[PDB]
Every structure is written in C-alpha cells, then in structure tokens.
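**Student:** pasting the first bit of my complex, frame unchanged:
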Amino acid sequence: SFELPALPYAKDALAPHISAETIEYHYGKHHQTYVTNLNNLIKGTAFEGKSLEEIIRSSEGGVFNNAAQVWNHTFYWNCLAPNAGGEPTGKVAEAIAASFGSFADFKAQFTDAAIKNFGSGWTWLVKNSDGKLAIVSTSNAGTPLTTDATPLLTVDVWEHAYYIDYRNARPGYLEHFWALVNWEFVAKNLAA
C-alpha cells in the first residue's frame, strides 16, 4: 500500500519562490490525490505486490498515470530545498561542463526546454546509458524510468505547479526554480 512521503522541509521553507499556499495544494491535494487513486486502482490486483518502480515499468492507462505521478512528485520535492540553489560544485559541475560546455549553457537549455514543453509535463536532466547527460521533456505523467536513462533533476511544468504564484508566467517560475535547486540530491543521483 503506498503512503504520501513526508515533505523534506516546512511548507513555507521555499518562499518566496514557491509559496506555502502552492505547497498546501500541490502536495496536500494533488500529490495526495495521486496516492489515493493509485491505491484504489491497484487494490486486489497483481500490482499490489510490486514496488512503485516495477508498477511504473509494467503498467498503462490509469494505473501508470497515478503511479508515475506519485513517483515524479516525490522526486520533485527532493530536488528543491531552502538555502540552496546557485551554481553546483564537485562532480555535478564537472559532468555538466562536460556535456553542455558550461553551467550557463545547461541552464539556458533546460529553461528553454521547460518553457516549450507544451501542455502538462516535466523537463528532466538525465544521465544516459553511455554516461553523457541530456535534457529530456515528457508529457503528462511520462518519466525517464520507462527508459534506460537515470533521472537526476526535474521541474514540474503542469500549470498547478506555478499558477498560484506566477499565473501564466512559466518563465518567472523557472527563473525562481534555479534558486531552489538541491544540488546535493542531484549529486546523489549522479553517483548511484
């Protein structure tokens, strides 16, 4: 049975970049609704004895949509933190300069891909099978877990992620996303 993971910080710790009101709806209502819907859709099926990741890799339709959204939002909350943001250091900055030239160029390309992701979706920094990093965008509940790439960083661009704080200005939301990035989480994902 799946439970909503506790949030890694206080609901107002990401302010002013993401308000406490966005967390109360996005985590308290949207992420909770996907957990409840997944639990009710899998009760009594063979999916009930699988890990979340195996459910994402072996389902379709409603089960997939809710299971991938439960995982995608837990990953997303961990990519954000108070007193973080800025430019990365260590193995992460190395790997970013290696695949994208510099941090300024990666930041440009990720922002651009997130702004152009039409409709509801997610834009990801992934490490491919071959070790090079790439920027991938998915639509709706799509996730890199259905491929051989390893997820490193994500930004939710479903309109509920930013409409309370930024209304139609998804560019304003992405500018402020950079002030919250938890580079420690990214570094752990890169080393796995």
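**Tutor:** Now that the structure is in, tell me what you want to look at. Numbers count the residues shown, from 1 in each chain, chains lettered A, B, ... in the order given.
**Student:** which residues in chain A form strands?
**Tutor:** A:121-127, A:133-139, A:150-156 (DSSP state E).
**Student:** Buried residues in the first one, which are they?
**Tutor:** Taking 16 or more other Cβ atoms under 10 Å as the neighbour-count basis, strand A:121-127 is seen to contain the buried residues A:121, A:122, A:123, A:124, A:125, A:126, A:127. The C-beta positions use only the backbone N, C-alpha and C, and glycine is treated the same way.
**Student:** hmm, back to that, figure out which of the strands of chain A is closest to residue A:165.
**Tutor:** Ranking the strands of chain A by proximity to residue A:165 (Cβ to Cβ) places strand A:150-156 first, at 12.7 Å.
**Student:** Contact partners for the spatially most distant residue from the centre of chain A?
**Tutor:** Outermost residue of chain A with respect to the C-alpha centroid, by Cα atoms, centre = their mean, is residue A:44; its distance is 29.3 Å. Contacts for residue A:44 were tallied using Cβ atoms under 8 Å, 6 or more residues apart in numbering; there are none.
**Student:** Output the contacting helices and strands for the top helix by length along chain A.
**Tutor:** Of all the elements of type helix in chain A, the one with the most residues (DSSP state H) is helix A:61-78. In this structure, helix A:61-78 packs against helix A:32-42, helix A:52-58, strand A:150-156, with contacts taken as 3 or more Cβ pairs under 8 Å, 6 or more residues apart in numbering; DSSP states H and E.
**Student:** most tightly surrounded among the ones you listed?
**Tutor:** Greatest average neighbour count among the helices and strands packed on helix A:61-78 goes to strand A:150-156 (a mean of 23), per mean count of other Cβ atoms under 10 Å.
**Student:** include chain B as well:
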Amino acid sequence: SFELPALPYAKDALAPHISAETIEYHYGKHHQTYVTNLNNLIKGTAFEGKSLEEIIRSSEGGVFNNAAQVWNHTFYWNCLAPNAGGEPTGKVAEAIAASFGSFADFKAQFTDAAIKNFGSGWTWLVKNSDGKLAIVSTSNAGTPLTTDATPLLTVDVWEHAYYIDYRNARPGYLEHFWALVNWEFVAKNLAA
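**Tutor:** Alright, chain B goes in next:
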C-alpha cells in the same frame, strides 16, 4: 495575421461562475499569446493567407498547436453566456435525448469525461458523420476539426481555465460550467 476576436460579453459577465480575473488571464494573456505565436510562426510561409480551419487541418507541430488553441478558445468563449445555462429546448434537446436518453444522462456523461480527461485538454459534444451525437475528449490542442465530426460544445480542462477560481476542484468548475452554457450557439452548430 490573425486578430484576437472580441469577447461577446464584458469581462465580468460570467461571474461568479468564472471570475473577471480568470478571463483577464485566460483571454487577455493565454488566448492572446496563441494568436501572437501563430502570427509569428506563419509569417512568410504557405500557411499565411489560409483560413484558420485550413491551417488546423493541414499542419502539425507548433503551427498546429497554436492555430488549434486559437480556434478552440474562440469556440469556448462562444459556448458561454450571461443569462443562459439551464436545460436546452427545441432541436438541441431532441437530439440530446435521442443520443443519450435524457439531458440528465448527457450532463452526467459529459461531466464524467471532462473530470477524467487526464492532463491538459478539452471535452466535446460532437455531431458525428451519421447524425448521432457523441462526447469525445482531446489532449492538449487536439480538436474534432481534424476529424469528420462537427464540434457543438466544448469545455476547456487545461488547469489555467479554472485554477484561479476552483484550484484543484475541477468538479466544481464543471458544475458552474452548466450555468453558463449558451444553447443558442449549440443550436447554431447543430444545424450547420
């Protein structure tokens, strides 16, 4: 060069069902941006000088996404009116009872399809090639104009359509949608 069509009522005329603030962003920022983006993408191409419906039926990619969203939102604003709503009469009521058994059964099936439409999209009452009426949901900018069915009525279920007024409660939005339906516009589309 396409122009944003004027709204056929004042900005505050759907209140309290859809607020003046929601149409200030949805019409004044979102629908306007689709027209500006479409004009920028077709300038100097063979699409310039074609009508909006011909562009929708013959393109794909960003040209399609923006052209179809311009048409979809103008159709949506024409589907809503002050001093309307309630149950249809006449020809529309007869066709709805003939394909769905009753107006209550149609309203319940349209509300169900609209709430379940995952992600961004639109839910439509269409008149099929054989004269029967059906409910179809599309994703992102998808529209029945790319098929053989005639659009009669639509509801926008992109989150920007309701998030200011209803936050995550898309059921509440749909309940209030029914108080705004302009059955004179549905009647014009039915015998088209």
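**Student:** residues of the longest helix of chain A that come out buried?
**Tutor:** A:63-78 (16 or more other Cβ atoms under 10 Å in any protein chain shown).
**Student:** Hmm, residue A:178 is touching residue A:85, no?
**Tutor:** Yes. Under the criterion of Cβ atoms under 8 Å, residue A:178 makes contact with residue A:85 at 6.0 Å.
**Student:** that older thread, so which of the buried residues of helix A:61-78 are also by chain B?
**Tutor:** Contacts with chain B within the buried residues of helix A:61-78, as defined by Cβ under 8 Å from any Cβ of the partner chain: residue A:65.
**Student:** Need the max-distance pair from the buried residues of helix A:61-78.
**Tutor:** By the measure Cβ to Cβ, A:63 and A:78 form the most distant pair in the buried residues of helix A:61-78, at 23.4 Å.
**Student:** now check stretch A:16-28, is it near chain B?
**Tutor:** Yes. In terms of Cβ under 8 Å from any Cβ, part of stretch A:16-28 sits within range of chain B, namely residue A:25.
**Student:** Determine how far the last residue of that stretch lies from the first.
**Tutor:** The distance separating the two terminal residues of stretch A:16-28, taken as Cα to Cα, to the nearest Å, comes to 19 Å.
**Student:** Which positions within it qualify as buried?
**Tutor:** Buried residues in stretch A:16-28, counting neighbours by 16+ other Cβ under 10 Å, are found at A:17, A:18, A:22, A:23, A:25, A:26, A:27.
**Student:** which one of those sits closest to residue B:100?
**Tutor:** Of all those, the one with the least separation from residue B:100 (Cβ to Cβ) is residue A:25, at 34.2 Å.
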